[PDB]
Structures are given as C-alpha cells and as structure tokens.
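In what follows, a structure is listed as structure tokens, so that the remarks can point back to it.
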Amino acid sequence: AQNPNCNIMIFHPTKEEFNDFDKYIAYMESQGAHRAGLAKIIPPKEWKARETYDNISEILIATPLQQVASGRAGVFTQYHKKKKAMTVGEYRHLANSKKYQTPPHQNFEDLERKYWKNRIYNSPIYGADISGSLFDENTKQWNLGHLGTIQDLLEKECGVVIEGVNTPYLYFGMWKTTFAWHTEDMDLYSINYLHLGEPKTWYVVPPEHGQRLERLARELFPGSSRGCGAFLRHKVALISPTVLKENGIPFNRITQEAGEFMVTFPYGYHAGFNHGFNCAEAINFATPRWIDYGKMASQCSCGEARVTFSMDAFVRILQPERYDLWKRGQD
Ligand SMILES: O=C(O)CNC(=O)C(=O)O
Ligand SMILES: [Mg+2]
Ligand code: NI
Ligand SMILES: [Zn+2]
C-alpha cells in the first residue's frame with residue numbers, strides 16, 4: 011500500500027502532465043496521496059493563472075465576516091459577525107493596518123506558535139465564499155472555473171441527470187483568519203489555489219482516521235454534540251495541534267504559498283489559518299472514487315449547516331433514506 015504513514019505529498023507536474031486534470035488526480039492517488047487527506051501541487055514554471063493581480067481592488071466583498079472566538083486558546087469555537095461591504099482595496103488596507111497586520115516573526119513556525127497562543131484574543135475579518143474567479147479565461151490548465159462539474163461526474167458514473175451547477179469561490183484573508191475543522195459538503199474533494207499574498211497553514215487528518223477526530227470533537231464540544239450529530243458541518247470548531255497531539259489524533263500540517271495548489275481528498279478533515287493579506291480561490295470536485303464517500307457522508311439536519319442549492323440532488327440521489335430529514339433541516 012502506497013504512503014502507509016499518510017504523509018502529505020508534494021507534486022511537481024511537468025507542463026505535459028498539467029494538461030489532463032483528472033488523469034493527474036488519479037496519478038496522485040496511485041502514489042497514495044489521498045491517504046493524507048491533503049496534497050500540494052506546485053505548477054510547472056511555464057504556467058500562470060493570469061497575467062497580473064494589479065486590477066483586483068474593485069472586487070466587492072459584500073459581507074465581510076468578523077470571526078469572534080470563545081473558549082480557550084487550543085479549543086475554541088468561532089462565530090461570524092456580518093460587517094458592512096467593502097472593496098478588496100479597502101479590505102487590503104484594513105488587513106495591513108496596525109490593528110490587523112501580521113506581527114514580526116522569525117519563520118513560519120514562530121508565526122504558528124503566535125497564532126495558537128493569541129488567536130482567541132483578536133477578531134480578524136475574512137472575505138469568504140465570494141462567487142467568482144481570478145483565472146484568465148485563456149488559462150487552459152488547472153483553471154478552477156473550467157473543471158468538469160460534479161453533476162456531470164454523477165451522471166457519468168451513475169446515469170442520472172440532475173439539476174445544479176458548480177462554480178468557484180474567492181477567499182480574501184488577513185492575519186489570523188481561520189478555517190474551522192471540516193470535511194467538504196458530501197465529503198467531496200476540494201481544490202484551492204493561493205493566487206496572491208501571504209501563506210495559508212493547513213492541518214489535516216487522514217481520511218482513515220476521521221472518526222478519531224469526530225470522537226475528540228464530541229468530547230471537547232459536548233453541548234454542540236448534543237445539539238447535532240454532525241456538528242462539525244457547522245464549521246465553527248477549532249482544536250490546536252498541541253491538543254490533537256495530547257489526545258493521540260493522527261494529523262499533518264503544511265504551509266501553502268502563493269502560486270501553489272492544495273487538493274483535499276474525500277473525508278479529509280482540515281483546518282487552518284492565513285498568515286496575512288491573501289486571496290485564494292477554491293471549488294469542490296468529484297471523481298469516480300468519490301461516489302462511495304458521497305453515499306456515506308454524514309449530514310447535519312439540525313438547521314445550522316445550511317448549504318447550496320446543488321447539495322439537494324446529491325442527498326436525494328445518493329442518500330434517499332436521509333433526504334426527507336435533511337431537507338427539513340434545510341427549510
Ligand atoms: O481557504 C479557506 O479558508 C478554506 N478552504 C478550504 O476549506 C478548502 O479549500 O477546502
Ligand atoms: Mg477590480
Ligand atoms: Ni475545505
Ligand atoms: Zn447541525
């Protein structure tokens with residue numbers, strides 16, 4: 011069995027290997043990349059996402075989210091407080107202000123220490139989940155707005171035609187902005203490209219060990235767990251690497267830099283934080299290997315998780331027994 015210790019693998023495809031996205035995902039899995047839950051893909055030196063980032067300041071962040079924490083430094087939840095709209099230019103200025111800018115630090119490890127020590131005492135503002143793309147239409151390779159859709163994959167594998175569309179999302183980040191522990195909707199893959207700016211640190215649990223994370227989370231967030239049997243779908247809970255080590259949960263960590271792709275694999279729990287002002291783009295996708303994960307994915311039916319239009323058909327076709335309860339949670 012390839013990659014039996016579930017280490018995060020890093021790939022350096024040639025320009026030729028960068029042509030066929032599906033084939034390269036399948037190649038990565040042949041080498042055991044999916045066992046980690048997360049892989050890094052460094053694009054060939056010939057490739058570019060677009061010509062420059064000089065003209066992005068007028069993009070609107072309609073609902074910036076202030077991420078307010080509660081709990082202790084290693085074990086906390088966050089809620090999202092809606093702020094007034096601002097442009098990417100206004101946001102970048104705010105990120106770089108004394109109140110929100112990255113502190114002086116020696117290296118990524120020092121910054122990680124500072125994040126886990128001090129995150130709870132600040133409430134950074136995140137521009138998340140903005141529908142859109144920064145890939146040039148003329149970028150033909152690994153263009154996140156031109157991937158095959160999850161609806162077409164399900165149709166190709168299973169023969170059922172379904173409604174729904176699948177488009178990318180932009181994330182504008184600042185120091186301490188945080189993504190809580192989660193797997194993707196319906197345990198899909200995700201792909202994330204860091205277009206510009208400061209890094210993003212990721213933590214990941216191997217898919218084969220996801221249930222160990224869930225058990226710990228139920229222990230650490232006992233009221234949340236009573237409220238919903240899939241409360242990690244709410245995307246609000248954080249657990250530090252120190253706490254995971256203390257409880258024997260297998261995980262790995264890696265820092266993504268501008269110009270790099272990360273791929274999360276089905277049922278790979280991940281979490282992380284941004285180092286400073288940045289812009290990422292991400293989208294879900296599927297492969298044939300996903301179908302079995304989709305069929306077994308947990309669902310939140312308590313009402314909190316509320317998700318896209320397009321998840322309806324996935325639940326309806328893959329999880330017909332669950333569909334009625336899940337939809338009640340939607341309404
Ligand atoms: O970049 C972020 O804030 C969150 N991204 C993801 O969880 C992802 O790409 O799967
Ligand atoms: Mg603009
Ligand atoms: Ni994700
Ligand atoms: Zn729930």
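To get the authors' numbering, take the position in the sequence shown, counting from 1, and add 10. Here a beta-carbon is modelled for each residue, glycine too, at the ideal position from N, C-alpha and C.
Within 6 Å of ligand 6: residues by beta-carbon to any heavy atom:
This structure lacks ligand 6; the ligands present are ligand 1, ligand 2, ligand 3 and ligand 4.
Flag this pair as yes or no: are the beta carbons of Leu328 and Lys305 separated by less than 7 Å?
In the sequence shown, the residue the question calls residue 328 occupies position 318. In the sequence shown, the residue the question calls residue 305 occupies position 295. Closer than 7 Å, so yes.
Backbone secondary structure at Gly142 - three-state DSSP:
Position 132 of the sequence shown, counting from 1, holds the residue named residue 142. Coil, per DSSP.
Cut-off 6 Å between Cβ atoms - residues of its own chain near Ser311, not counting five sequence neighbours on either side
Counted from its first residue, the sequence shown places residue 311 at position 301. Counting only Cβ-Cβ distances below 6 Å, and skipping sequence neighbours, we find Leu335, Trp336, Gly339.
Where do the ends of the alpha helix (DSSP H) carrying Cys168 lie?
Translated into positions along the sequence shown, residue 168 becomes position 158. For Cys168, the enclosing alpha helix (DSSP H) has its first and last residue at 160–168.
Quick one: residues in its chain with C-beta nearer than 8 Å to the C-beta of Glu270, no 5 flanking neighbours on either side, listed in chain order?
If you number the sequence shown from 1, residue 270 lands on position 260. Hits under 8 Å: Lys50, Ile51, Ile52, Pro53, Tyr203, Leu204.
Best match in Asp139, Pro330, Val78, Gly220 for proximity to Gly258 [C-alpha to C-alpha]:
By one-based count along the sequence shown, residue 258 stands at place 248. Of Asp139, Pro330, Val78, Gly220, the residue nearest in Cα terms is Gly220.
How about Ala247 and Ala190: do their beta carbons lie closer than 7 Å?
Taking the sequence shown and counting its residues from 1, one reaches residue 247 at position 237. Taking the sequence shown and counting its residues from 1, one reaches residue 190 at position 180. Yes; because the gap between Cβ atoms is below 7 Å, this pair is in contact.
Contact test: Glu331 Cβ vs ligand 4 heavy atom, cutoff 6 Å
As a first step, residue 331 must be located in the sequence shown, where it is residue number 321. Flag unset: Cβ of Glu331 not near ligand 4.
Where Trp336 sits in the DSSP three-state scheme
The sequence position of residue 336 within the sequence shown is 326, counting from 1. Of the three classes helix, strand and coil, the one that applies to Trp336 here is helix, per DSSP.
Touch test, the segment 270–283 against the segment 157–171, Cβ-Cβ under 8 Å, three pairs minimum
no
Starting from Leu204, trace the beta strand (DSSP E) both ways and give me its first and last residue.
What you label residue 204 is simply residue 194 of the sequence shown in a count that begins at 1. 199–207 is the extent of the beta strand (DSSP E) around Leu204.
For the beta strand (DSSP E) that contains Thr211, what are its first and last residues?
Here residue 211 refers to the residue found at position 201 of the sequence shown. Here the beta strand (DSSP E) through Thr211 covers 210–215.
According to DSSP, what are the bridge partners of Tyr89?
Stepping through the sequence shown from its first residue, residue 89 is reached at position 79. For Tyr89, which the question treats as bridged, DSSP gives the partners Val78.
CA-to-CA distance, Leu154 to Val273, given in whole angstroms:
Position 263 of the sequence shown, counted from the start, is the residue given in the question as residue 273. Position 144 of the sequence shown, counted from the start, is the residue given in the question as residue 154. Their Cα atoms are separated by approximately 12 Å.
Is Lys50 helix, strand or coil by DSSP?
To locate residue 50, count along the sequence shown from 1; it is residue 40. The answer is strand: DSSP assigns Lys50 an E or B state.
Quickly, what does DSSP pair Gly183 with across the bridge? List them, please.
The sequence position of residue 183 within the sequence shown is 173, counting from 1. Residue pairing by DSSP places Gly183 opposite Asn288 in a beta bridge.
Looking at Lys91: is its Cβ nearer than 7 Å to the Cβ of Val78?
For the purposes of this step, residue 91 is taken as the residue at position 81 of the sequence shown. For the purposes of this step, residue 78 is taken as the residue at position 68 of the sequence shown. For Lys91 and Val78, yes; Cβs fall inside 7 Å.
Using DSSP with H/G/I as helix, E/B as strand and the rest coil, what is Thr252?
Walking along the sequence shown from the start, residue 252 turns up at place 242. Helix, per DSSP.
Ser200 beta carbon near ligand 1 (any heavy atom closer than 6 Å)
In the sequence shown, counting from the first residue as 1, residue 200 sits at position 190. Under cutoff, so the answer is yes.
Here's the rule: buried if 16 or more other CB atoms are within 10 angstroms of the residue's CB, otherwise exposed. What is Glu194?
The count along the sequence shown starts at 1 and reaches residue 194 at position 184. It counts as buried.
Go to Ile35, then tell me how far its alpha helix (DSSP H) extends in each direction, as first and last residue.
Position 25 of the sequence shown, counted from the first residue, corresponds to residue 35. Segment 31–40, the alpha helix (DSSP H) holding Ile35.
Where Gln221 sits in the DSSP three-state scheme:
In the sequence shown, the residue the question calls residue 221 occupies position 211. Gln221 falls in the helix class under three-state DSSP.
Is the segment 141–155 close to the segment 54–66, with three or more CB pairs under 8 Å?
yes
Would you say the beta carbon of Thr274 comes nearer than 6 Å to a heavy atom of ligand 1?
Residue mapping note: residue 274 aligns to position 264 of the sequence shown, counting from 1. Yes; taking the cut-off as 6 Å, the Cβ of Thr274 has a heavy atom of ligand 1 nearer than that.
Once DSSP output is grouped into helix, strand and coil, what is the label at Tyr279?
Within the sequence shown, numbered from 1, the residue matching residue 279 stands at position 269. The answer is strand: DSSP assigns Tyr279 an E or B state.
To the nearest angstrom, how far is it from the Cα of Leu230 to the Cα of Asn284?
Here residue 230 refers to the residue found at position 220 of the sequence shown. Here residue 284 refers to the residue found at position 274 of the sequence shown. Rounded to whole angstroms, the gap between the alpha carbons of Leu230 and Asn284 is 24 Å.
Measuring alpha carbon to alpha carbon, tell me which residue in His44, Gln12, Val85 is nearest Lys255.
The residue labelled residue 255 in the question sits at position 245 within the sequence shown. It is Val85.
Which of helix, strand or coil DSSP assigns to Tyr303:
As a working note, residue 303 is residue 293 in the sequence shown. Helix at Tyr303.
According to DSSP, simplified to helix, strand and coil, what is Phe295?
Within the sequence shown, residue 295 is the residue found at index 285, counting from 1. Three-state DSSP puts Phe295 in a strand.
Is the CB-CB distance between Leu226 and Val215 below 7 Å?
Numbered from its first residue, the sequence shown carries residue 226 at position 216. Numbered from its first residue, the sequence shown carries residue 215 at position 205. In this structure, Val215 does not lie closer than 7 Å to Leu226 by Cβ.
In or out: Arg102 buried (at least 16 other Cβ within 10 Å) or exposed?
Numbered from its first residue, the sequence shown carries residue 102 at position 92. Using a 10 angstroms sphere on the CB of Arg102, the tally of other CB atoms reaches 16 or more, which defines it as buried.
Check this for me: beta carbons of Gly99 and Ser67, under 7 Å apart or not?
As a first step, residue 99 is located in the sequence shown; it is residue number 89 there, counting from the start. As a first step, residue 67 is located in the sequence shown; it is residue number 57 there, counting from the start. Yes. Within cutoff.
Mind checking who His156 pairs with in its DSSP beta bridge?
For the purposes of this step, residue 156 is taken as the residue at position 146 of the sequence shown. Answer is none; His156 lacks a bridge partner.
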